[PDB]
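Read the structure below first, then the notes.
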Amino acid sequence: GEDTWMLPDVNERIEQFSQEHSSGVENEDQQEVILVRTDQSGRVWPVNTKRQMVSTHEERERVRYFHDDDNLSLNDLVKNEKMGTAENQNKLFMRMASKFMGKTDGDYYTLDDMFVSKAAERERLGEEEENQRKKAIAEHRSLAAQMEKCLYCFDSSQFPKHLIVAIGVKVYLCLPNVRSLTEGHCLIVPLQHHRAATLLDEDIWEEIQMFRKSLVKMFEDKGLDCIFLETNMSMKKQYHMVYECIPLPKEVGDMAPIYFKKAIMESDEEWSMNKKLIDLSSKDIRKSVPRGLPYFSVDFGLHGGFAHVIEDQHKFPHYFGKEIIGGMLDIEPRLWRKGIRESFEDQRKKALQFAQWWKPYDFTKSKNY
Amino acid sequence: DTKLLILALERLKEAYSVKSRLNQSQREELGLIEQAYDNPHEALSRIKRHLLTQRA
Amino acid sequence: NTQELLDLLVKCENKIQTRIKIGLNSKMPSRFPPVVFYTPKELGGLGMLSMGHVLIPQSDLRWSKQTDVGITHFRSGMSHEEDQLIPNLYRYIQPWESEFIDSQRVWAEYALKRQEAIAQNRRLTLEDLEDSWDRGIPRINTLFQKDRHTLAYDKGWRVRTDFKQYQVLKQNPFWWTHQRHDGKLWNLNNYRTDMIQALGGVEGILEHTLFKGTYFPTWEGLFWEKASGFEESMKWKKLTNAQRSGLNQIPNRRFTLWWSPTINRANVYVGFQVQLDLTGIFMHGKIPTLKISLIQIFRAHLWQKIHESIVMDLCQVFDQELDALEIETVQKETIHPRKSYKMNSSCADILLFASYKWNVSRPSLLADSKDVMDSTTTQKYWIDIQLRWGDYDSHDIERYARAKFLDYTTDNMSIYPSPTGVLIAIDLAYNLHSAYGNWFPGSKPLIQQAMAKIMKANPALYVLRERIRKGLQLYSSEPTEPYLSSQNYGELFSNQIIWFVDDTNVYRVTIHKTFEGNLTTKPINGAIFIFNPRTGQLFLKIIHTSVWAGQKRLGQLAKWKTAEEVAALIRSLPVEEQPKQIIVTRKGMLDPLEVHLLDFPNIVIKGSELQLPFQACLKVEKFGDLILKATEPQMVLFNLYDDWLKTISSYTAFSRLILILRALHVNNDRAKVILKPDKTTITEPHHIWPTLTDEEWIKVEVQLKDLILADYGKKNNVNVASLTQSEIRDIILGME
Amino acid sequence: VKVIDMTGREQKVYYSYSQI
């Protein structure tokens, strides 16, 4: 029954959706998948589709510094600058990073002089072709590869399908794939990849907070407390968003602001630029971290906690939020680095115990007659 | 013993905070460290077997 | 006490500062500013720690800002003294003699504090603790170390760290301590806090930087990056390490750009100078990467495209205000392109023809308020527009304006139609503007209002600002154009055409099981919701599921497609019916819609922080049935005020409309009971809402309100009775 | 593009938005 077994309440909400029934191409091995490029800010945009050193000078006079400078109209700057390259800086640099350039001998042939000489035309719309190959195929394959190996991506290959407890409209509750650090460990996961909470839209963030407020209410009646972790690493690897919920006793959760204050300040590069430990008590994550750069964030129940714009990825572990909790609760290190897998059908019937806790607190339906 | 193992591994890994550029022998070391974290009762039996028997 | 060693510290500091200088050439010529070294890293300086008696020149304390009054100058901190002198470390570092005495207090004082706290039977908490967070030789804060339970076995640790020098080929200065057991053992927050005050405060530092050029509102929410430049793993895995002589300089790009209004000074790089051939920017000496960074920013003739834009957009005011002034007509000279950076002289840009003859006031600043004396002078008036790129020494724009005015008019290097004119001057490096010259009645406040509008509205400046920002990799959290907020709501009922736009119900999706039992998801039909608040006019473009064929999945292009539909509508809608302002419920839609509406720059686009209950309205069965039974995309129209505006004030009718939808959102069928209190209640079949008298409307409005407030109370877990009528109104309108 | 006026007491069908 590995492919068929699920919680009844989940099946019922599926039946409720069921009862409501009562430009480039890139032919990816059969289908058609419209070309899109993402910028630094996580916006989606469609992708449109001998040498002679170029006549860089007029008669004893300089009139252009790129061969295409004279073609662009006023608005065609404007359109491009609203949807542009992440950086267009390295592309000249990467060409001059090739060997056999000689060297800049101090004066007379500066790096500037090199750069200005390099700025001849790319071979017969080579700028478009290199842009097309980089933006389209590379991103789409990377996204597809992650999608296929995704846990949280609803219909993908692995997808445990029975750790689902709730299903709202665009997010759902899940339970972790491993031996589950604390007793009532649960997750708040959106359906689509969004990679971040600052990259979310308002309706989805509002719906996460409804789950967030409800899970606090459940654990407060049992006498526990909540810590909500969001770890977002570098936005080039396309991991799925997960908004964790790690319940732990009241007589430890009182200490939880203190321990994280210490850890975040020491967590990373000394001489960091970005002034570590953003305070999320009043303003919240959506308007205290810019859109499109990596961060860790932590929240203490209802009251918001702290945030930390990560820099130098390799020194900041992705498991950081679990590690501090696993320290103070005195849990052995295996439980958060790489996890321990469970019995693939037997031990993963912890959902029976977890669903009967969350039955009075279900908001995702009204058919509770 | 498990507590002493964790302290040993941590002060080994601190040598590699400098850079991501690693040679073959260093990548092998991080491999062995990660295994010891993932399965302590493996390494503890192997360490104790070294003491009793290894002399060259 | 070791005077021999203090001299070595001064020597070592001066050497390393010279190493930075050589990275920017400079060589022997002095007067290099100290601000770039000691400014903390969060402001983009190097953050150098000081251990010598260096001092700042009194010239560097100057700063200035422009407001509606004009420019104002300030001169930080000085009453007379030159004594601003970049704090030593030593004053902020506590002696060992005090540390060994204080540790006998704080480790005893804490022991008492927890003993009574556990007698109080509550957890010790951060407010009890911040007064003594950072004291004792074992620092007090080490008790909250992540893994403290396991560190209790780490004996011998000081011997071990001293012996690490025989194993690790690096060398580290903290061979005598480690943060795991001793804690941090120093803190220089206080040092950073008054380093800023020594240099003249935050507002005084930023004049030495391009910050004003980026036109962010304020310096609070700024963030840097260093993980996605050229310095990726590409840079280090790349073969042929001997190539690192040109591309050895390129990490410094950001630093050189950021500080550029004080590296580029005439007063420092004494010598021959040049002008970059497509710009007005002068350069002194050969700065290693500033020339690269500027040419990128002003790529594709941006100087002219700033200039000729501002010329046309200024003339557009005179193209409307024909009868506001004693003028008959205006003309655009369309003169030769290169004048925009012909610094030696200028012609006029615009020409104006009197009805007969004005009065000429006097040659005076844009800020000069009053009086007249000059002869009437028939027919001919002109304006010139001057761009420049200033720096720290000469960022004063008003002295510049008056200077250039005299220079060109006094001699034959320039031709103007008449002596009666003015020149505008704009410093693109600091976004300052002013003017000097002759004036005529009404024109002076008109130019003031025009320029105040131009400096935020103009597309060509937006191009320039965004390029500087993205080139600096400097990001912000809060800054946007002003949100729609509660106190603005009366302006929505003005005579302008205004639309709301909402897209939340476009890319809806349904989970279903396959017949093989595995789960998956189907998309379903959506709609684009467009509504007019002051007229009730609604548009509803049904998006049928088939448009996402092939695409499907994550629905990425849905927002871009949404803007296409809106633009297609507005293009085909008559010109007089076009909105003045479009207000969008979801901020993610702003960038797609803006790009598609560039052909119609009259349209204001504005985001709301105030959400509105439209999302629930599409679940009304009268609409839901239509969207489900539809099989091809088609537009549909509604008026949500059924007949109400024939007796009810529009903002009061709007209030009723908001109430109904919000109530349906929160409690659905229970609101319908208020809508249908007896089955014998009636409606026209065309109408969305029942036929009722005004008294009957007032009765249900109170009832729907009371439900909304009760539900607001329940989910905020709080008493409703404290709320005022205005607070009630705000909660209904959207958010407090 | 088809339009379906439902603003009130009559139903009208435009076939381009310039007709509106």
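Labeling convention for the structure tokens: chains A, B, ... as they appear, residues from 1 per chain, ligands from 1 in order of appearance.
Assigned to strand (DSSP E or B) in chain D, given DSSP computed from backbone atoms, are residues 3, 4, 5 and 12 of chain D.
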Please produce a file of the residues just selected, as a PDB file, in the first residue's frame, where the atoms kept are N, CA and C atoms.
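Below is the file out.pdb, written as the result:
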```
ATOM      1  N   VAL D   3     -16.900  40.844 -26.187  1.00  0.00           N
ATOM      2  CA  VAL D   3     -17.261  41.508 -24.940  1.00  0.00           C
ATOM      3  C   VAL D   3     -18.707  41.101 -24.667  1.00  0.00           C
ATOM      4  N   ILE D   4     -19.075  40.985 -23.387  1.00  0.00           N
ATOM      5  CA  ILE D   4     -20.437  40.635 -22.969  1.00  0.00           C
ATOM      6  C   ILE D   4     -20.822  41.634 -21.881  1.00  0.00           C
ATOM      7  N   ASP D   5     -21.422  42.757 -22.289  1.00  0.00           N
ATOM      8  CA  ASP D   5     -21.983  43.727 -21.350  1.00  0.00           C
ATOM      9  C   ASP D   5     -23.061  43.053 -20.498  1.00  0.00           C
ATOM     10  N   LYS D  12     -25.509  43.238 -24.006  1.00  0.00           N
ATOM     11  CA  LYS D  12     -24.975  43.667 -25.291  1.00  0.00           C
ATOM     12  C   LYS D  12     -23.641  42.983 -25.551  1.00  0.00           C
TER      13      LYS D  12
END
```
Item to complete: Define the interface residues of chain A facing chain C as those within 6 Å, counting only C-alpha atoms, and report them as a count of residues only.
Response: 17
Discussion item. Quick check: residues of chain D within 7 Å of chain C, only C-alpha atoms, returned as JSON, numbers by chain.
Written reply: {"D": [1, 2, 3, 4, 5, 6, 7, 8, 9, 17, 18]}
Go through chain B residue by residue and, counting only C-alpha atoms, keep those with an atom at most 10 Å from chain C; for each kept residue give the shortest atom pair and its distance in Å to one decimal, ordered by chain and increasing number, as JSON lines.
```
{"residue": "B:2", "atom": "CA", "partner": "C:150", "partner_atom": "CA", "distance": 9.6}
{"residue": "B:3", "atom": "CA", "partner": "C:150", "partner_atom": "CA", "distance": 5.9}
{"residue": "B:4", "atom": "CA", "partner": "C:153", "partner_atom": "CA", "distance": 6.9}
{"residue": "B:6", "atom": "CA", "partner": "C:150", "partner_atom": "CA", "distance": 8.3}
{"residue": "B:7", "atom": "CA", "partner": "C:154", "partner_atom": "CA", "distance": 7.0}
{"residue": "B:8", "atom": "CA", "partner": "C:154", "partner_atom": "CA", "distance": 9.1}
{"residue": "B:11", "atom": "CA", "partner": "C:161", "partner_atom": "CA", "distance": 9.4}
{"residue": "B:14", "atom": "CA", "partner": "C:168", "partner_atom": "CA", "distance": 9.5}
{"residue": "B:15", "atom": "CA", "partner": "C:168", "partner_atom": "CA", "distance": 6.4}
{"residue": "B:16", "atom": "CA", "partner": "C:168", "partner_atom": "CA", "distance": 9.4}
{"residue": "B:18", "atom": "CA", "partner": "C:170", "partner_atom": "CA", "distance": 8.8}
{"residue": "B:20", "atom": "CA", "partner": "C:233", "partner_atom": "CA", "distance": 9.0}
{"residue": "B:21", "atom": "CA", "partner": "C:236", "partner_atom": "CA", "distance": 8.5}
```
Worksheet item: Where does DSSP see alpha helix (DSSP H) in range 661-697 of chain C, if you list the residues as a PyMOL selection string?
Response: chain C and resi 661-667+669-675+694-697
Writer output for current selection, C-alpha atoms, as a PDB file, in the first residue's frame:
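Contents of the output file selection-v3.pdb:
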```
ATOM      1  CA  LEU C 661     -17.269  41.729   0.056  1.00  0.00           C
ATOM      2  CA  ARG C 662     -15.248  41.711   3.310  1.00  0.00           C
ATOM      3  CA  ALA C 663     -18.148  40.039   5.165  1.00  0.00           C
ATOM      4  CA  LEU C 664     -18.479  37.386   2.432  1.00  0.00           C
ATOM      5  CA  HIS C 665     -14.722  36.769   2.706  1.00  0.00           C
ATOM      6  CA  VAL C 666     -14.737  36.145   6.461  1.00  0.00           C
ATOM      7  CA  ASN C 667     -17.994  34.196   7.021  1.00  0.00           C
ATOM      8  CA  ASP C 669     -23.073  31.968   3.911  1.00  0.00           C
ATOM      9  CA  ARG C 670     -23.631  33.838   7.208  1.00  0.00           C
ATOM     10  CA  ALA C 671     -23.310  37.116   5.270  1.00  0.00           C
ATOM     11  CA  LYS C 672     -25.819  35.733   2.723  1.00  0.00           C
ATOM     12  CA  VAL C 673     -28.286  35.302   5.620  1.00  0.00           C
ATOM     13  CA  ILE C 674     -27.925  39.056   6.232  1.00  0.00           C
ATOM     14  CA  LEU C 675     -28.390  39.553   2.476  1.00  0.00           C
ATOM     15  CA  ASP C 694     -32.055  53.175   1.987  1.00  0.00           C
ATOM     16  CA  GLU C 695     -33.169  52.449   5.571  1.00  0.00           C
ATOM     17  CA  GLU C 696     -33.004  48.696   4.844  1.00  0.00           C
ATOM     18  CA  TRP C 697     -29.485  49.178   3.424  1.00  0.00           C
TER      19      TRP C 697
END
```
Item to complete: Residues of chain A no more than 10 Å from chain B, counting only C-alpha atoms: send them over as a ChimeraX atom specification.
Response: /A:314-315,332-335,337-340
Take the selection from the previous step and output its residues with N, CA and C atoms, as a compact mmCIF listing (two decimals), in the first residue's frame.
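And here is the file that came out, result_1.txt:
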```txt
# COMPACT_ATOMS: atom_id res chain seq x y z
N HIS A 314 29.94 29.31 1.93
CA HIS A 314 30.67 28.13 2.39
C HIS A 314 30.92 28.11 3.90
N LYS A 315 30.91 29.26 4.56
CA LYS A 315 31.15 29.33 5.99
C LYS A 315 29.87 29.25 6.81
N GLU A 332 21.91 14.23 19.71
CA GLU A 332 23.17 13.79 19.13
C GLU A 332 23.26 14.25 17.68
N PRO A 333 24.49 14.58 17.20
CA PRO A 333 24.65 15.40 15.97
C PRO A 333 24.02 14.87 14.69
N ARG A 334 23.86 13.54 14.55
CA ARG A 334 23.33 12.90 13.33
C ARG A 334 21.95 13.42 12.91
N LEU A 335 21.14 13.89 13.86
CA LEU A 335 19.73 14.21 13.60
C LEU A 335 19.53 15.43 12.69
N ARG A 337 22.58 17.11 10.65
CA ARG A 337 23.42 16.97 9.47
C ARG A 337 23.06 15.66 8.77
N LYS A 338 22.61 15.78 7.51
CA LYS A 338 22.21 14.71 6.58
C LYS A 338 21.01 13.85 6.98
N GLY A 339 20.45 14.04 8.18
CA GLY A 339 19.35 13.22 8.67
C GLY A 339 19.59 11.73 8.88
N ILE A 340 18.65 11.07 9.56
CA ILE A 340 18.57 9.62 9.58
C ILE A 340 17.24 9.24 8.94
```
Worksheet item: So, counting only C-alpha atoms, which residue among C:496, C:486, C:275, C:410 is closest to residue 389 in chain C?
Response: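 Among the listed residues, C:275 lies closest to residue 389 in chain C.
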